[PDB]
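In what follows, every chain begins at residue 1, and chains take the letters A, B, ... in the order their sequences are listed. For the numbers below, each heavy atom of this structure counts, side chains included, while hydrogens, waters and symmetry mates do not. Counting convention: from 1, in listed order, for ligands and their atoms alike.
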Amino acid sequence: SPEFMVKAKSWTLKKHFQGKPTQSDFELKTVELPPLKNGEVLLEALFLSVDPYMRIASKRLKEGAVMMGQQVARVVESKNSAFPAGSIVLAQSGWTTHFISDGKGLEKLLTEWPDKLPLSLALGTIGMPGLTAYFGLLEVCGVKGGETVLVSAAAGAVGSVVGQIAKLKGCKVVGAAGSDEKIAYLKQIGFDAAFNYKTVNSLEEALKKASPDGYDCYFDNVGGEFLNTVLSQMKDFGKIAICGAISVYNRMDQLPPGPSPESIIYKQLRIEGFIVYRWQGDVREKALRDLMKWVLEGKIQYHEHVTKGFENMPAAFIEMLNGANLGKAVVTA
Amino acid sequence: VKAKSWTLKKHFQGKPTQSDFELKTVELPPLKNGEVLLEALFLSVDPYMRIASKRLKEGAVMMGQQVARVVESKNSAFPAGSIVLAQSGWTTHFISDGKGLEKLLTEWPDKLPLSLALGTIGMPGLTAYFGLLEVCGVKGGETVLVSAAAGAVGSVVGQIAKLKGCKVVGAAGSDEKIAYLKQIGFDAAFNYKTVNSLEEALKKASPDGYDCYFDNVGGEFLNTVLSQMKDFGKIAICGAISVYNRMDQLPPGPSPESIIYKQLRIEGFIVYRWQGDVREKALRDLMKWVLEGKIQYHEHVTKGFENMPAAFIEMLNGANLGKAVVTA
Ligand SMILES: NC(=O)c1ccc[n+]([C@@H]2O[C@H](COP(=O)([O-])OP(=O)(O)OC[C@H]3O[C@@H](n4cnc5c(N)ncnc54)[C@H](OP(=O)(O)O)[C@@H]3O)[C@@H](O)[C@H]2O)c1
Ligand SMILES: NC(=O)c1ccc[n+]([C@@H]2O[C@H](COP(=O)([O-])OP(=O)(O)OC[C@H]3O[C@@H](n4cnc5c(N)ncnc54)[C@H](OP(=O)(O)O)[C@@H]3O)[C@@H](O)[C@H]2O)c1
Ligand SMILES: [Cl-]
Ligand SMILES: [Cl-]
Ligand SMILES: [Cl-]
Ligand SMILES: [Cl-]
Ligand SMILES: [Cl-]
Ligand SMILES: [Cl-]
């Protein structure tokens, strides 16, 4: 009988980003949630993800609207038999502490989830970033064993998974990241070579040392000038998997000088863009099962860059874009 | 026998000019056993020379292919009177040991000028053939966009696309070329220099986008094209002539948004990838299509060897409608 009010705090986009996003570009809001109707569920955020795509997606957002994003949430109350109270779901509810859903876009976490594995992994290694790495490496680059893979943003969510999957498939992997701490971490988890792209004397020389015979596949997470230099190091018929281009996300209106036609033509390179969502159904489930299996087998180690508290979400996002994160950037409510 | 040759006096900076070239005359030594004396008949000028020249040491002879006649021979495989395709560079006479020489397709029809062996029924025609059929991999019904459409490669791409049952849109740099493109079969053709907006022109030519873009120009044009590609669309990077004069200062790169969200497949290629029987078969097809009238042709002929640099300079500037060819 007793009814208790549920307050939902949400992070809104106060002002569109100009260059690097800043705290002031965000505005916290609180709203009293209405009662649950039949077929609806009340969700309470447990772990919220901040991702690079939010920098671009925020452009199609009207100022004042809630920032987009996925989170792991617990069903606190339920009037929907498919999502019982207490169950855990993945929801594209945006940056909010509580959310009422009719169950439409909700995704149940992988069945038989191990107690030892934090639920937040469903937002990284055993989630979208991990799936991105899986399909970009295995399908787009199509590695079969013995090839040499280069991966940028190597100590990041996607990058760290790419390198480890490449290693378990029997490939040689070289990684590029932005800090000495990250480089040490990469060598710890199996990367054959790794270098701090910020402190190189020569990007080209760094790549040459890492792999003298060149690269079979380049999993591109950064684009820009880095991509331009990588093309000269690709093996003939090499493949470039265009996953993202974070180096230009803050300057989409001032794109740097483009790639050289010389390398693309003479080396007959294949460049392909892809989005995780191209893979669905059974193939997507098998990928999740594989990622889970590989984590349980110790083949894919992980690390989460946790930011405590919902009120610190803008900071977690900003800092992730700036490279503060080693592994998946996750925010605990 | 005094051979005249065009040398690179000074590396090109931006647009190449006449003074960058220097004509040299040398008396040739006698032929040694196994050698032959070639006499240039038709010499080709091509966009790639603008890039390959960067690797040359100043004073060296410009690189290139030509159709030549054997006028003196000490090699049984090439008796006097034979016609060959030789990579002899910009020269009126050349001594070869025969190793790099290529004989023209057997059964070559008298009605077809020999210079076609340097174009439509040669390297440029093969580039169009393989880039369209293998790189774009069109099977029929697709909408194909081709830049430098009225050029040597472009003109063949558009016509092969048409005979394969595709819709073809071409972009070129003059109204004269646009009229020509329509007369030979292109479904749509526009002047990229005078259209109010490249994007509007592309949209009007194909409201539902493009399945394959045969890229001969690159640069800003390519960047604009990406937004009009259908999802999973293929771009055949054949060339990027719009940046050949500014390789050291490339224009803004392509948008990651288009490549990623549309999941585009971009692939560079070189004609030389296809060799042997497949290459010979392609030449046969091109030959047949020309004889059947499916592939019409036009050559932009410049008279006189002394005018070779001008032919090269103007071709890069877009003066040519069809293959740029120089008669000795
Ligand atoms: N196509 C798809 O479906 C898809 C899906 C998910 C993600 N992506 C893309 O995948 C990439 C990685 O995403 P993620 O979620 O795994 O993020 P993440 O790598 O965990 O975090 C982003 C990382 O990017 C690096 N970075 C920031 N600015 C940079 C710059 N100017 N140059 C080079 N590196 C820079 C930083 O590492 P520092 O030490 O290394 O430099 C930062 O930690 C992003 O480009 C993202 O857009 C694509
Ligand atoms: N990968 C390979 O194996 C291979 C082989 C042969 C050729 N190619 C490339 O294929 C392309 C066509 O070669 P081709 O022999 O057939 O030459 P072509 O097209 O007969 O002549 C070059 C034409 O390029 C156009 N052009 C020049 N500057 C331009 C600019 N800034 N923007 C747009 N168009 C410009 C001009 O036509 P407009 O009047 O239309 O501007 C000019 O007539 C070149 O890029 C060449 O490098 C590649
Ligand atoms: Cl924004
Ligand atoms: Cl911006
Ligand atoms: Cl930071
Ligand atoms: Cl030069
Ligand atoms: Cl230059
Ligand atoms: Cl001209």
Distance from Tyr218(A) atom OH to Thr148(A) atom OG1, nearest 0.5 Å?
15.5 Å

Any nitrogen or oxygen of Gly159(A), side chain or backbone, less than 3.5 Å from one on ligand 1?
no

Are any of the N/O atoms in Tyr249(A) less than 3.5 Å from those in ligand 1?
yes

Considering distance alone, does some N or O of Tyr53(A) sit under 3.5 Å from an N or O of ligand 1?
no

Tell me, which protein residue and heavy-atom name are nearest atom 15 (O) of ligand 1, and how many Å apart are they?
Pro52(A) CD, 3.4 Å

Look at the side chain of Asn216(B) and the backbone N and O of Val153(B), then say whether any donor-acceptor pair between them is shorter than 3.5 Å.
no

I'd like to check whether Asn221(A) has a polar contact with ligand 1, where a contact means an N/O of the residue lying under 3.5 Å from an N/O of the ligand.
yes

Option with minimal heavy-atom separation from atom 42 (C) of ligand 1, where the choices are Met320(A), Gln263(B), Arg55(A)
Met320(A)

Tell me which protein heavy atom sits closest to atom 32 (N) of ligand 1, plus the residue, atom name and distance to 0.1 Å.
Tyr197(A) OH, 3.5 Å

Mind listing the closest non-hydrogen atom pair of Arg251(A) and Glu225(A) along with its distance?
NH2-OE1, 2.9 Å

Which is it for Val158(A) and ligand 1 at heavy atoms under 4.0 Å: side chain, backbone, both or neither?
both

Quick one: does ligand 1 sit under 4.0 Å from the side chain of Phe226(A), the backbone, both or neither, non-hydrogen atoms only?
neither

Looking at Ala194(A), is its backbone amide N or carbonyl O close enough to the side chain of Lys187(A) to form a donor-acceptor pair, meaning the two atoms are under 3.5 Å apart?
yes

the protein heavy atom lying closest to atom 20 (O) of ligand 1 turns out to be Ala157(A) N, 2.9 Å

Which residue owns the protein heavy atom closest to atom 24 (O) of ligand 1, what's the atom, and how far is it?
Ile246(A) CD1, 3.6 Å

Check the surroundings of atom NZ in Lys54(B): do more than 12 heavy atoms from other residues, nucleotides or ligands lie under 6.0 Å from it?
yes

For atom 4 (C) of ligand 1, the closest protein heavy atom turns out to be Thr132(A) CG2, 3.7 Å

Kindly say whether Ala176(A) contributes a backbone atom to a donor-acceptor pair with the side chain of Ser152(A) at under 3.5 angstrom?
no

Does any non-hydrogen side-chain atom of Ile242(A) lie less than 4.5 Å from one of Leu264(B)?
no

Evaluate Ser179(A) for polar contact with ligand 1, using N/O atom pairs at a separation under 3.5 Å.
no

So, does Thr91(B) use its side chain to make a donor-acceptor pair with the main chain of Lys4(B) at under 3.5 Å?
yes

Short list, please: which atoms of ligand 1 are under 4.0 Å from a heavy atom of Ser247(A)?
30 (C), 31 (N), 32 (N)

Go through ligand 1 atom by atom and flag the ones less than 4.0 Å from a non-hydrogen atom of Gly156(A).
18 (P), 19 (O), 20 (O)

Looking only at distances, can you tell me whether any N or O atom of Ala324(A), backbone or side chain, sits closer than 3.5 Å to an N or O atom of ligand 1?
no

Would you kindly specify which portion of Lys328(A) sits under 4.0 Å from ligand 1, judged on non-hydrogen atoms: side chain, backbone, both or neither?
neither

What about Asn322(A): any of its N or O atoms under 3.5 Å from an N or O on ligand 1?
no

For the residue pair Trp11(A) and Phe310(A), what are the closest heavy atoms and their distance?
NE1-O, 2.8 Å

With heavy-atom distances below 4.5 Å as the criterion, would you say the side chains of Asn312(A) and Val331(A) are in contact?
no

Looking at ligand 1, is there an atom of it that comes within less than 4.0 Å of some heavy atom belonging to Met128(A)?
yes

Show which atoms of ligand 1 fall inside a sub-4.0 Å distance from at least one heavy-atom site of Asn325(A).
18 (P), 20 (O), 21 (O), 42 (C), 43 (O)

Any N/O pair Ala177(A)/ligand 1 closer than 3.5 Å
no

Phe21(B) vs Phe312(B) aromatic rings, parallel, tilted or perpendicular, using cut-offs 30° and 60°?
perpendicular

Should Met49(B) and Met63(B) be marked as a side-chain contact (heavy atoms from CB on, under 4.5 Å) after you check the CA-CA gap, both sets of side-chain angles, and the distance that decides it?
CA-CA 7 Å; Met49(B) 295 163 185; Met63(B) 75 293 295; 4.0 Å; yes

Are any side-chain N or O atoms of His16(A) and backbone N or O atoms of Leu61(A), one a donor and one an acceptor, separated by less than 3.5 Å?
yes

Atom 36 (C) of ligand 1 - nearest protein heavy atom and its distance
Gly323(A) CA, 3.6 Å

Does only the side chain of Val222(A) get under 4.0 Å from ligand 1, or the backbone, or both, or neither? Count heavy atoms.
side chain

May I ask you to list the atoms of ligand 1 that are less than 4.0 angstrom from any heavy atom of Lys182(A)?
37 (O), 38 (P), 39 (O), 40 (O), 43 (O)

In plain terms, say whether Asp51(A) and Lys328(A) are close enough for a salt bridge, that is, a side-chain N and a carboxylate O under 4.0 Å apart.
yes

Which atoms of ligand 1 have any heavy atom of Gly178(A) under 4.0 Å away?
38 (P), 39 (O), 40 (O), 41 (O)

Is it the side chain, the backbone, both or neither of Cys243(A) that has a heavy atom closer than 4.0 Å to ligand 1?
both

Is it true that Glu205(A) and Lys209(A) make a salt bridge, defined as a side-chain N closer than 4.0 Å to a carboxylate O?
no

Under 4.0 Å between a side-chain nitrogen and a carboxylate oxygen: does that hold for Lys172(A) and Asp216(A)?
no

Is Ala329(A) touching ligand 1 with its side chain, its backbone, both, or neither, if touching means heavy atoms under 4.0 Å apart?
neither

Checking contacts here: is it the side chain or the backbone of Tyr277(A) that comes within 4.0 Å of ligand 1, counting heavy atoms only? Could be both or neither.
neither

Could you tell me whether ligand 1 has any atom less than 4.0 Å away from a heavy atom of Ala245(A)?
yes

Below 3.5 angstrom, do we get any N/O pair linking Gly244(A) and ligand 1?
no

Taking 4.0 Å as the limit for heavy-atom contacts, which would you say applies to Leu321(A) with ligand 1: side chain only, backbone only, both, or neither?
backbone

Donor-acceptor contact below 3.5 Å, side chain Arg60(A) vs main chain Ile56(A):
no

